[PDB]
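Next come structure tokens for two forms of one protein chain, structure 1 first, structure 2 second.
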Structure 1
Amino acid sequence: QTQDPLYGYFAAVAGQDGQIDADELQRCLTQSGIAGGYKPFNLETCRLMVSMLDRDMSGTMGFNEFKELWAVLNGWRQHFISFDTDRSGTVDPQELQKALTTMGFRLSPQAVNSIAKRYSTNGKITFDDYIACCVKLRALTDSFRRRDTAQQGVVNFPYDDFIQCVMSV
């Protein structure tokens, strides 16, 4: 069995059960350099990542999930860079719209406006907020799709299931 190059970072912070929480993910994401020159992800953003991958509200994730996370974040960063050619670490609401669309998110104009207002300061969205945005979008889209068993694009949400689901991200 081949050694995976991500394993050292993970093994150095995992608990006794072979899992990591948000705090430990924060550390191994920073050591592993996934942000590649941009500001490293804060604890809050790492909590969102944990929920996106564990999809079970344990607050922890295993190595296989860490590897999947790492590949997803690597691709999102490359995508961001194609809009941030000068590497400012920011992007504007027009660039954000086009960035979200091209990565497979299907969003009405007012959905995009909701998102721009949510994450912009001074007409700009940081790399870190862009990633947080993508993590939460993918987690919520996975949650919605999971529940849309009839594939109608509409989900019937009981209140407590809605709260459970949306408060995890």
Structure 2
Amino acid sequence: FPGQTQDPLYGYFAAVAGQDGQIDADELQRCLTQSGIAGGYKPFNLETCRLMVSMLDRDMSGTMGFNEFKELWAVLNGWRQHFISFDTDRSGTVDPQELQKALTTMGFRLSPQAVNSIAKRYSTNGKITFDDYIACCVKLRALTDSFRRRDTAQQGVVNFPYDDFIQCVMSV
């Protein structure tokens, strides 16, 4: 009984959720905007929301419930902290070098080539929005889990048949 309280995140979710207690990507975009997790920056774009839904969609419903929303909140905060470290000018954007450190402090060791190829895919006039940073974190997590589960020899090299490579990457 004692030590219970109203979850402060519940309100944002109930404002957008259907009577079934579920939200889809569009509904997720709205309540994330409301939640202030993107701060003063722009809303997450709809591809970023699709990625976030897919990340937590364990019943393959195309939707999430409130418990998953709270899980998502925890994940997004972890990643946001690394971002606001190196968002030294409060831009809501990081440059490629800043990005490299954020991902580094998260424990990704990526080469300058891997970072540059991430930056160029999501740059907007040479800088990466918080929105695109989050999309990138979601994809990195999924593709890294895909790589790791196939590393039989445990030397950081995976033997990828073509068909498996395609399904694996196209599924994200």
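When a residue number appears, read it as a position in the sequence of structure 1, where counting begins at 1. In this text, the rigid core denotes the largest set of C-alpha atoms whose superposition between the two forms falls within 1.5 Å.
- Core-superposed comparison between the two structures: the CA of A139 exceeds or equals a 2 Å shift.
- Annotation: Cα of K67 displaced by less than 2 Å between the two structures, core superposition.
- Between the two rigid parts, the smaller one rotates 17° against the larger between the two structures, as C-alpha superposition shows.
- If you overlay the core, the Cα of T30 moves by 1.0 Å between the two structures.
- CA movement of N113 between the two structures equals 3.1 Å, with the two forms superposed on the rigid core.
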